[PDB]
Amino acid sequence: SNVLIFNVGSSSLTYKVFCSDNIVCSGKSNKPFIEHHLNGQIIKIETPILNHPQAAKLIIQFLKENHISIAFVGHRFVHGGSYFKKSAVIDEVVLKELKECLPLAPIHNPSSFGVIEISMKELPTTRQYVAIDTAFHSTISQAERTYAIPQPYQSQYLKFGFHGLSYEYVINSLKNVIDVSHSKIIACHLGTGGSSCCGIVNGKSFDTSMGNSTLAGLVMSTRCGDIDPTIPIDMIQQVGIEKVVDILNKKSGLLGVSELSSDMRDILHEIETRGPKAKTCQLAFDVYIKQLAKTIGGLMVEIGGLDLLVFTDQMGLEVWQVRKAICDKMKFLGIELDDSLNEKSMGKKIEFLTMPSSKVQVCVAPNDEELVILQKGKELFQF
């Protein structure tokens, strides 16, 4: 039976329809237009400016007009709060709790919830599920979730952690290649937007680099990551609350330090080409690697070891310099990399870049959003 997967983006809405792990139909929204891929042909259609639930509606309509029967719809919801400990098939109780999670991620959740609501209304005979990014980290203990602050603030700002579906998908895909049930894995979700690391013991999250918010942890494209806590306070005394929030989230990270780009590839280019901003670009790369390595080290001690270091996402799977720099700093722990394989790998498949003799293995593992949402559908429905 057919599965429809929605992928909500900043300025777009993509979909893909699956039948037995095979793509039937696909396309995306945003002069704005919707593009469709069906029966081997490409249909582009001019549109006026749409919001997300309008785009979703139009996609459903196109599917109905072509008799693409749909039995399942999968959705991604970033921040499921304290309620959602696992992903869920969508009912009235789930819808209620989801709506209470809206203020948790005002940038992500609302447009995601909008698509869900319109999808439930336009496809009332289909079973629908929501894949929740924070759920995988429900195995993290109190002590690892707790910041050293007094009540009531202590319970208000517990750590949540994110990219949970990505981590869960990657772990699941490594089950034939390694023995996850007896393993210590550190996964690095290095993407555009958010980046994080996760310490995984026997297939389960033990700790992660993000916190109560998606600002915490690693240096990111435009986000500061972990910094001295008095700094946000001092900056507020200069420019106020909302401006500080904007700077730390949209004008920091690789962008703020390189003074060139939020894209690591542009940063690497400027360094290796020399280059009018190399200086700042070199600093941005060093600071990024430092924080990443520091994060890896901290997590390794928490989980009591390391068998496999995994890179995933866009940066993790397409930038060999990051993986090389990181493995060099972790060489003393027993990481012997194969540089021929590393420099050519773009992570289109699960590929080890480590010599088989190396004490700690290093691998790359794809985490395509659509396959990730679909995979959760399997777990919930068995299809």
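Heads up: residue numbers just count along the shown sequence, starting at 1.
Coordinates are absent for 4 to 9 residues of the deposited sequence placed between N30 and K31. The mean C-alpha temperature factor is higher for 35 to 43 when 346 to 354 and 35 to 43 are set side by side. Between 298 to 306 and 253 to 261, the higher mean Cα B-factor belongs to 253 to 261.
In this structure the maximum Cα B-factor among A56, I326, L337, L333 is found at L337. Across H163, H137, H269, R145, the greatest Cα temperature factor reported in the deposited entry is at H269. Per the PDB record, residue ranking by Cα B-factor puts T125 in the highest third of the chain. Ranked within its chain, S20 lands in the highest third, by CA B factor from the PDB record. When the modelled residues of the chain are ordered by C-alpha B-factor, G191 sits in the highest third. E117: CA B factor lies in the middle third for its chain, per the PDB record. For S221, the recorded CA temperature factor ranks within the middle third of the chain's modelled residues.
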